[PDB]
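Residue numbers (PDB author numbering), protein chains in the order written: chain H, 1 to 56; chain X, 1 to 77.
Just so you know, even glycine gets a beta-carbon here, dropped at the ideal spot from N, CA and C.
Take a look at the structure set out below.
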RNA sequence: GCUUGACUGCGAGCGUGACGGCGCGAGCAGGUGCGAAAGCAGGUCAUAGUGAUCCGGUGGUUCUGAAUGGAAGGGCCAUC
RNA sequence: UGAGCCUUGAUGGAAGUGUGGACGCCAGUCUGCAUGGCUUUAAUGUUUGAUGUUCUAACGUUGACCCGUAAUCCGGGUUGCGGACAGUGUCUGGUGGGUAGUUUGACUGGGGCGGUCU
RNA sequence: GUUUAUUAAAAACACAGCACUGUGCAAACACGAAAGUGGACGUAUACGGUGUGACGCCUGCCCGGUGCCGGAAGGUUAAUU
RNA sequence: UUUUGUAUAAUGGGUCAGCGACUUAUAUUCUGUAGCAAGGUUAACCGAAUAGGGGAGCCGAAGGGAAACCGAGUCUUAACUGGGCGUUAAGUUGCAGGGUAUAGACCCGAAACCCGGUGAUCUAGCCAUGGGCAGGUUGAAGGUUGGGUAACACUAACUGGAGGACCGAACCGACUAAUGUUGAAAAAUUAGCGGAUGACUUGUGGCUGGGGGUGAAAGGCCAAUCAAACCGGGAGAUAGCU
RNA sequence: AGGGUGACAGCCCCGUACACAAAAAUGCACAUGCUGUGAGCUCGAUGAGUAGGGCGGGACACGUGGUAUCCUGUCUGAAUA
RNA sequence: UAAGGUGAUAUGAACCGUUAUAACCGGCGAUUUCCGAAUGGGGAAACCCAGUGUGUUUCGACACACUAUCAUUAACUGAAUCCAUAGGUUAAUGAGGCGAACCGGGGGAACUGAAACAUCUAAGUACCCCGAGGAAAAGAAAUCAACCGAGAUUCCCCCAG
């Protein structure tokens with residue numbers, strides 16, 4: 001399970017960085033609780049197009 | 001009905017097989033669990049009866065998409 | 001005393017078994033020991049001292065080897 | 001807390017009035033504390049496994065409550081108690097006459113016992 | 001009291017009594033691939049299992065074997081890696 | 001019929017009639033016979049349908065060697081004076097028959113094993129709800145009261161009315177004998193006999209179903225059967241036996 | 001062809017060969033209407049918890065074998081002309 | 001179509017009919033009790049008991065029709081929880097059961113053979129279960145071949161015991 005983050009979130013968080021997180025933590029807390037999202041690739045651009053249409 | 005709501009997995013039959021190679025009818029059955037999935041698209045908890053694997057399928061494809069089927073296929077949820 | 005004939009390939013022609021098989025055999029080829037030589041030696045005076053087939057192991061051998069070259073596996077000789 | 005990497009103090013702006021730790025060639029000198037015109041060493045940040053607490057958010061509830069619902073089922077919801085335990089799938093070692101399928105030779109002055117079986 | 005309905009009614013079974021043993025309750029145990037249920041609307045003065053078999057006087061020694069109970073060293077030891 | 005042997009006092013058959021057991025298919029070989037002959041012959045299918053077409057193919061004219069391969073030879077071995085198997089006999093396709101192979105394979109016969117149904121109207125146990133026990137005894141606790149004690153104890157009458165208590169009918173059982181035993185009866189009759197307010201007895205209905213039930217436990221009972229029920233099915237199980 | 005008729009029938013009867021038939025309801029064919037329905041070209045796109053793998057089984061004539069291929073209960077998990 | 005007719009055991013009775021409404025055959029329609037899927041509820045099948053809307057110069061009561069379940073859809077309603085969802089009522093479609101074999105799938109024996117027996121066999125047979133058609137199923141290559149080339153599935157004969 002990978003998923004990219006929304007909010008801060010401790011020991012990993014970063015408003016949209018690319019973290020690899022244990023299966024459960026995510027499908028059980030990180031989401032269905034807004035704080036991250038399946039790195040569905042459709043997303044790794046969806047949320048990289050920011051790291052371009054922004055930080056440059 | 002030990003049956004995975006997402007993947008179709010039901011129990012299957014096979015043999016056991018001693019060293020003596022003795023056939024004895026058995027059953028393999030799905031690692032089922034029935035989980036409380038958060039939808040939000042419905043602001044609710046749909047709880048499916050799932051196989052780890054089904055769960056992986058949900059974890060991939062995505063819940064709203066899985067729930068898409070079933071409904072697409074008549075199933076309850 | 002000197003030795004490795006307790007040799008390898010074969011074998012006219014006999015025995016004895018329902019059969020699987022066992023047994024005796026001079027002689028031919030290669031190569032060897034003993035003996036000056038003629039010559040003797042294919043274990044032990046003889047007759048007991050043993051276990052088929054399968055499967056598998058070990059060595060040797062291109063005989064085979066599923067498109068081709070190889071390989072795996074199979075065969076063949078030895079052996080467990 | 002076992003082990004790797006990054007590093008800032010060890011092997012590979014002077015002299016004097018003053019300090020903890022020590023394989024210190026057996027009797028050193030240091031490694032630091034104050035001042036005064038790629039390989040043998042200590043803690044951080046870590047990465048990586050083990051052990052331990054506690055948390056809650058999977059999961060359990062054969063506590064209480066709300067509603068569907070004039071309902072000792074069920075479902076949803078709230079709350080409390082537990083809690084990543086328990087349990088269940090797959091694999092795996094043990095136990096397992098509870099259940100199962102079977103085996104348990106022939107000869108023989110009947111059979112068995114004894115003996116015998118090339 | 002019970003029993004072999006149809007060759008056995010007994011000295012067999014059962015019994016109150018006794019002992020051992022298990023069970024903290026979603027009990028053990030039992031029917032059931034499960035859900036559900038008996039136990040029990042009971043809760044260790046209860047529930048199950050096993051033996052003994054009113055009552056009196058009593059019930060000695062043995063723990064090697066087999067069974068069972070406990071054992072946070074070591075040896076040996078599965079999947080996995 | 002079986003047997004070394006059977007008048008045999010060993011088997012079978014009361015008798016007559018009808019029926020009743022070596023078959024069919026496909027393979028494979030041999031014999032007979034027919035055709036063609038170093039060749040014989042087609043299968044499916046086509047079809048102008050018992051013709052004709054179709055020669056895919058099969059068998060045979062060449063073996064030896066594990067094989068590569070060689071080839072009237074070849075293999076064995078370095079090679080055999082040699083050895084083994086071969087070269088010197090005509091096949092093939094129908095048709096009838098003799099054997100075999102697979103099939104129930106000559107006919108009939110098990111005790112059983114497996115699957116799926118039907119059965120607690122008999123019986124076992126339980127649940128619910130209802131019914132029944134003539135007559136006659138014994139006379140527990142407790143109570144009253146007198147006697148009695150310092151008070152209790154204790155004691156006598158009475159009163160009371162327990163009990164898997166007694167005797168004994170109905171009711172429930174079934175210890176002995178006799179009869180019966182092609183019965184009156186597939187378990188009884190008759191004389192005796194145990195229980196008879198209880199762990200009693202009994203009506204109606206309900207629940208438990210086969211490796212299952214139920215069992216105060218005999219392997220007892222589960223519809224005249226039970227060390228695994230009845231029915232249908234696997235099924236023509238298998239039978240080296242008769 | 002066959003059947004029947006007082007015994008065995010081409011010519012007695014019913015048939016057979018042969019040639020004929022439907023107001024109706026239907027079957028199949030075509031031709032047409034209706035509602036649909038999409039046709040042709042150019043530029044694209046080209047099936048992930050999937051293939052593959054560990055384990056356990058199962059299926060392939062193939063009984064784990066040296067064992068390809070296929071399905072998958074369980075754990076995992078690619079490339080992208 | 002017709003000069004004969006009202007099926008049969010099975011006569012008789014009383015009748016019908018002869019040129020087109022006797023009968024007879026066939027097409028299409030009417031009617032079609034109760035039980036039975038059985039469907040208003042129940043139930044020991046062929047019986048019991050309703051509710052709702054209707055209807056009677058005699059508008060008590062007794063006739064007629066609707067009212068099962070499930071699925072899809074819609075309309076109206078509508079909780080814990082305010083929106084929503086759940087739920088509820090109604091309406092329209094549909095299904096339901098029966099029955100040869102053949103067919104596809106879920107599950108799946110034993111005797112038996114191996115002259116015992118466990119791997120193996122019998123066999124994916126019998127049997128049970130679900131589903132469907134007139135056929136089913138399968139089907140247009142991540143197939144085979146083998147350096148030439150074939151060109152989906154199905155079926156038959158060889159290949160070959």
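Which listed residue (67/X, 4/X, 32/X, 72/X) has its alpha carbon closest to that of residue 45/X | 67/X
Could you check which residue in 48/X, 53/X, 34/X has the C-alpha nearest to that of residue 71/X?
-> 48/X
Using the beta-carbon of each residue, which ones in chain H are nearer than 8 Å to residue 62/X?
-> 38, 40
Rounded to a whole number of angstroms, what is the C-alpha to C-alpha distance between residue 16/H and residue 6/H?
-> 5 Å
Determine whether the Cβ of residue 39/X lies closer than 9 Å to any Cβ atom of chain H.
-> yes
Straight-line CA distance for residue 39/X to residue 18/X?
-> 47 Å
Classify residue 27/H as buried or exposed, calling it buried when 16 or more other Cβ atoms lie within 10 Å of its own Cβ.
-> buried
Helix, strand or coil: which one does DSSP assign to residue 37/H?
-> strand
Can a CB atom of chain X be found closer than 9 Å to the CB of residue 9/H?
-> no
Taking buried to mean at least 16 other C-beta atoms within 10 Å of its own C-beta, is residue 51/X buried or exposed?
-> buried
Would a check of beta-carbon distances place residue 21/H closer than 9 Å to chain X?
-> no
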